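One structure is given below, encoded as structure tokens.
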Amino acid sequence: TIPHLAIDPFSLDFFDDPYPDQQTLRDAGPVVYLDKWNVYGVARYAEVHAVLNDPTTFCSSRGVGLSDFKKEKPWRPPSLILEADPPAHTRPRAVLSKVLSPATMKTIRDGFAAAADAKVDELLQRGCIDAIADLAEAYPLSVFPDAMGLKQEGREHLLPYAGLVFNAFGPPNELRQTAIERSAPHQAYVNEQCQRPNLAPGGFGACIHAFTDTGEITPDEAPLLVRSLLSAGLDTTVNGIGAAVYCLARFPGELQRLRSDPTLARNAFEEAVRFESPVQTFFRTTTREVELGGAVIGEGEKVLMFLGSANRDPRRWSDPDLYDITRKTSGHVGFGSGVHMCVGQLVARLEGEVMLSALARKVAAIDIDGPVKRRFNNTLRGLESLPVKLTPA
Ligand code: HEM
Ligand SMILES: CCCc1ccc(C(=O)O)cc1
Ligand SMILES: [Cl-]
């Protein structure tokens, strides 16, 4: 039989410090039932990995939030990629893979790296800065909207829209209800920018539209795929970079190793994604009765995957609660796993790498010098404010 737990993984108490409850979730069994929301939960690495890698049994087209699209109306038209299963998923996935391809990274790296170096030089002139607003947020804002081909006007709607998207995967708690209440202006802005004439030549948005000539997607699919990048492409990186800086600030020995070998920048970022898991949770819906970790789950049930917990599971990781920039990080599930594994992962890693490279070369110490404030969101883990003093190398 499956253990029933009263833990609310979407409560502010949980967000404030999820680690003890995540252990309780892992140790109760391979599959638990969360009475608060009437969903199954898997918090160990093995089951999270298994669920992610069986999209046939554990589907996405009934939503990857708590809401079951078979029962309730989606809050916005479903994503053609995140909220689709093969074979409908396959061609939109291929388009985004090509738009954000290894070859595409060559076209943006120079500019992304220059912007990272410039940002760190700017911050060093101030010394004492907020590593969230002034760095984790400022840097992606300085490169990603431009890479998308967005106009300047209205960009202030991007972070609010993303906060909404990520809150909306949650249960109908206050965070979700308030986000949806306030959604109209952000939706209006984002939806408008997804149209072809509003996306600058050569940018990711224009490229998605260009693919409508190939037979991979129709012209009416392009705006929703642009919408995907404007939903997933900014706030994720904000929280990833924030995570990495927060790790370096707390683990000075690791900052020193990074300074000594800046080639560790990419793995130092990857390890931060594992360690903090800025994207904490996703759901699937079962398409049949299924046996998972000795437990039987009926058809049409929501299954909550704890990515952050999987990334700290001692059954998989040695010293999971240590930040180690030379850890073998391959296998972590912070970007997911399988057919939906983050299609933007090369952009995320590029941003993280060039920022950590800039810090590695320019900064001697990162010392927290004010109160740290956490930001609460149904799906994202990260900080509201991280006051630090940056000492120049
Ligand atoms: C550190 C930064 C990021 C993290 C931690 C992250 C995390 C994730 C995760 C866990 C998934 C899997 C969702 C699932 O299995 O249902 C995912 C998918 C996705 N991500 Fe990322 N992401 C990041 C950055 C980005 C960026 C920069 C972009 C685009 C520029 C992006 C676009 C997408 C899209 C479109 C999907 C859906 C892919 C599919 O359904 O096939 N993400 N991401
Ligand atoms: C971690 C990224 C989560 C995510 C992925 C895809 C979408 C979308 O296609 O709209 C929105 C959010
Ligand atoms: Cl929308």
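Note that ligands are numbered from 1 as they come in the structure, with each ligand's atoms numbered from 1 the same way. For reference, positions follow the sequence shown, starting with 1.
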Do [X] and [Y] have side-chain atoms, one donor and one acceptor, less than 3.5 Å apart?
X: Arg266; Y: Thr329; answer: no
X: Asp235; Y: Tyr161; answer: no
X: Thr326; Y: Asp324; answer: yes
X: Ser309; Y: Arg44; answer: no
X: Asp68; Y: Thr285; answer: no

Give the numbers and elements of all ligand 1 atoms closer than 4.0 Å to a heavy atom of [X].
X: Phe282; value: 13 (C)
X: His89; value: 39 (C), 40 (O), 41 (O)
X: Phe144; value: 30 (C)

For [atom], what's the nearest protein heavy-atom neighbour? Residue, atom name and distance, please.
atom: atom 12 (C) of ligand 2; result: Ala232 CB, 3.8 Å
atom: atom 37 (C) of ligand 1; result: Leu82 CD1, 4.1 Å
atom: atom 10 (O) of ligand 2; result: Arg76 NH2, 2.9 Å
atom: atom 5 (C) of ligand 1; result: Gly334 O, 3.4 Å

Regarding [X] and [Y], does a basic nitrogen lie under 4.0 Å from an acidic carboxylate oxygen?
X: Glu299; Y: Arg288; value: no
X: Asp146; Y: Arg155; value: yes
X: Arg315; Y: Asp27; value: yes
X: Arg349; Y: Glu270; value: yes
X: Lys98; Y: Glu216; value: yes
X: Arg375; Y: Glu137; value: yes
X: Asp134; Y: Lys119; value: no

For [X] and ligand 1, answer yes if some heavy atom of the residue is under 4.0 Å from a ligand atom, otherwise no.
X: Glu351; answer: no
X: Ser60; answer: no
X: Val339; answer: yes

- Is the distance between the ring centroids of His157 and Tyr189 less than 6.0 Å? yes
Numbered atoms of ligand 2 (with element) below 4.0 Å of [X], judged on heavy atoms:
X: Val279; answer: 1 (C)
X: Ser231; answer: 10 (O), 11 (C)
X: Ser79; answer: 8 (C), 9 (O), 10 (O)
X: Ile81; answer: 9 (O)
X: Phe282; answer: 3 (C)

- Note on the structure: Atoms listed for atom 21 (Fe) of ligand 1 (protein only, N, O or S, under 2.8 Å, no waters) are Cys342 SG
- Just wondering, more than 12 heavy atoms not from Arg361 lying within 6.0 Å of its CZ? yes
- Query: Counting only heavy atoms not in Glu153, do more than 12 fall under 6.0 Å of its CD?
  - Reply: no
Using heavy-atom distances only, which candidate in [options] approaches [atom] most closely?
atom: atom 40 (O) of ligand 1; options: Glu83, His340, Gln280; answer: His340
atom: atom 15 (O) of ligand 1; options: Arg284, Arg349, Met305, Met341; answer: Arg284
atom: atom 6 (C) of ligand 2; options: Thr237, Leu82, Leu225, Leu80; answer: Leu82

- Where does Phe335 meet ligand 2, judged by heavy-atom distances below 4.0 Å: at the side chain, the backbone, both, or neither? neither
- Check each heavy atom of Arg93 against ligand 1 and say whether those closer than 4.0 Å belong to the side chain, the backbone, both or neither. side chain
- The side-chain contact (heavy atoms from CB on, under 4.5 Å) partner of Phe10 among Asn377, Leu304, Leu66 is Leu304
